[PDB]
Amino acid sequence: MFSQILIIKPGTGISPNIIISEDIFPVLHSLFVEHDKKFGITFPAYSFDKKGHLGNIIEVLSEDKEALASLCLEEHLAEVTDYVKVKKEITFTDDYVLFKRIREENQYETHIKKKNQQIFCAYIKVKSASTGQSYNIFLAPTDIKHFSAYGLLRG
RNA sequence: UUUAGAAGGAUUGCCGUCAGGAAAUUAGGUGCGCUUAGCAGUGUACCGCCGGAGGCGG
């Protein structure tokens, strides 16, 4: 349980939500899968529920040191060096808080409205390789201490 | 402890006949609208899945 903090620079024109979506999360999927070892993702300053402001900070949860060095963050999320930062230290942070995946129900055509706008207050968008259908994944923050392919804790 | 305390206004009905408003006109001179700007906010949520209702996968 040490760490590596990747930062989403502000300004830059493009919104940080889009930057999070496109660049980061594909590379992460891949990274996580081949490794398979269930990791996790630290979204510090994850502000409010009315909000959903994921923030400008990304940290990766790992177990061993070679545990996070397992992933070559730098060199991967590298080409994009003007919209994402890669810090260069592995810190053994202990005040971390884990993050969980809620869901929210499908549509009436696919009480629907009751579940709607209860979780709809993060909504990261991922395009699927096989089914070819883009969708939203919702997040949460929780007490569980000691996950899945997406970096979120398994259901 | 109030110029106190009390109270059935009722029934009925044919407004009507006629008519010329009408003639004249000059509204006119002048004029500085105008300096700034990201349609953003995320631009919207897909197929399933068992169950049978209720709950996770990509």
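About the cut-offs
- Residues numbered from 1 in each chain as written, not as in the entry; some residues may be left out.
- Chains lettered and ligands numbered in written order.
- Part of a larger assembly, values for the part shown.
- Heavy atoms only, no water.
- Residues with missing side-chain atoms left out of burial classes, pairs and counts.
- Pairing = 2+ DSSP bridges.
- Helix = DSSP H or I, 4+ residues; strand = E, 2+ residues; numbered from the N terminus.
- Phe/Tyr/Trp six-rings, centres within 6.5 Å; stacked < 30°, edge-to-face > 60°.
- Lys NZ or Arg CZ within 6 Å of the ring centre and 35° of its normal.

In the PDB header, cryo-EM is given as the technique by which the entry was determined, and 2.51 Å as its resolution.

J.: Describe the pairing of strand β3 (residues 57-61), listing the residues and the values that go with them.
T.: A regular strand carries its side chains on alternate faces of the sheet. Pairing geometry for strand β1 (residues 3-7) and β3, over 5 bridges, is antiparallel. Bridging across to β3, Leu6 finds its partner in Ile58. The pairing of strand β2 (residues 40-42) with β3 spans 3 bridges and is antiparallel. When the sheet's bridge partners are listed, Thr42 is paired in β3 with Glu59.

J.: Explain the sheet that holds β2 to me, using residue names and the numbers behind them.
T.: Across a sheet, strands are paired by hydrogen bonds formed along the backbone, either parallel or antiparallel in direction. Taken in spatial order, the 4 strands make up an open sheet running β2-β3-β1-β4, and their pairing is antiparallel. Two strands close off the open sheet at either side, each with one partner strand: β2 and β4 (85-86).

J.: With reference to specific residues and values, describe unusual backbone geometry.
T.: One non-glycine residue, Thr12, lies in the positive phi region at around 65 degrees. The topology assignment puts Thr12 in the loop between β1 and α1 (16-35). One non-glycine residue, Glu75, adopts positive backbone phi at about 90 degrees. With respect to the element layout, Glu75 can be found in the loop between α2 (65-68) and β4.

J.: Please provide a residue-by-residue account of the packing of aromatic side chains, values included.
T.: On the basis of an interplanar angle of 85 degrees and a centroid distance of 6.3 Å, the ring pair of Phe43 and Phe99 is categorised as edge-to-face. Of this pair, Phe43 sits in the loop between β2 and β3 while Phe99 sits in strand β5 (residues 98-100), and the two are 56 residues apart along the sequence. Centre to centre, the rings of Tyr46 and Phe99 are 5.2 Å apart; their planes meet at 85 degrees, and the pair counts as edge-to-face. Separated by 53 residues along the polypeptide, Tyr46 in the loop between β2 and β3 and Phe99 in strand β5 bring together distant segments of the chain. It is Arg101 that lies over the ring of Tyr150; its NZ or CZ is 5.3 Å from the centre.

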